[PDB]
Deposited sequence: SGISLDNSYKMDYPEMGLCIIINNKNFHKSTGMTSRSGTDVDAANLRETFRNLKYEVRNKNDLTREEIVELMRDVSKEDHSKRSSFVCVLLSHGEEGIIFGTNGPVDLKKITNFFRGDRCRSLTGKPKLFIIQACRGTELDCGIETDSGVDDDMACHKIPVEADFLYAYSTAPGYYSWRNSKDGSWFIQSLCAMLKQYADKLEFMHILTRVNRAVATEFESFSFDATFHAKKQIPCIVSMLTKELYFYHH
């Protein structure tokens, strides 16, 4: 019969690993605040990806050295029987940077370990990086053959380039709350880019900041989907 190769092969024995780095408490000398509500995010992600049949590994309060070593070790594993790879980063951040408990780590350093040439058992497979962290300090006021080494990566950023990312101390972050809700409802129905578009809408319409500080009050947020994927991604098969 006629065959179409438009979607990633997601019927390998395992869906893959879902590494969640949950950084809540930071070393006093860094001057970084405690990320209240991040445990709600980590727990929501653990349950969401468990139901998607991913082998979830939750890591709490890792130093910059521990983050690099974890990523290196995970990239050196045999992922031949795995369909994909997911890494969720929950921490403080700047543009292109994620914070370890004792200091910064370049996002490029983390993602480079999974390049098509550096992690052979993941070549041609989707590598998803979900990042809940700030990408700067701007506030949104609102209104109304061979394959590339950078191919097959998807970066689901919580916020637009140069902007702050919002996290609620009780409910968790706007992005992760929305991501988990949309994956629970649409993972058995829609393609990943379409699920992420629903997350963009949810964060954009359902949330607005409340603060006694006028500078941080009534602010909005829009996530940023960055795709270097070459095929469509469906969490289901058959």
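Gaps in the coordinates relative to the deposited sequence fall at 1, 146-156.
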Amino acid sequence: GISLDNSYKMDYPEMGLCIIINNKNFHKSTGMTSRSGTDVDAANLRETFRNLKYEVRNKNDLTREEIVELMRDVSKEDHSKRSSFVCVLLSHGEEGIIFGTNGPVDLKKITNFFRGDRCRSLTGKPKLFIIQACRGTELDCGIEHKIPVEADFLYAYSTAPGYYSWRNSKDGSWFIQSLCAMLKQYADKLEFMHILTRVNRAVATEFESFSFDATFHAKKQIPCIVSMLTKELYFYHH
From here on, numbers count along this sequence of modelled residues.
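As listed in the deposited structure, the average C-alpha B-factor of 155-163 and of 112-120 is greater for 112-120. Averaged over CA atoms, B-factors in the entry run higher in 7-15 than in the other of 211-219 and 7-15.
As recorded in the entry, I143 carries the highest CA temperature factor of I143, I131, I97, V86. When the C-alpha B-factors of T38, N200, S29, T48 are read from the PDB record, the largest value belongs to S29. Among all modelled residues in this chain, the alpha-carbon of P126 has a temperature factor (C-alpha) in the lowest third. In the PDB entry, a CA B factor belonging to the middle third of its chain's modelled residues is recorded for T63. When the CA B factors of the chain's modelled residues are split into thirds, the value for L190 lands in the highest one. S91 sits in the lowest third of its chain by CA B factor, as recorded in the PDB entry.
In this PDB entry, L196 carries a Cα temperature factor that places it within the lowest third of its chain's modelled residues.
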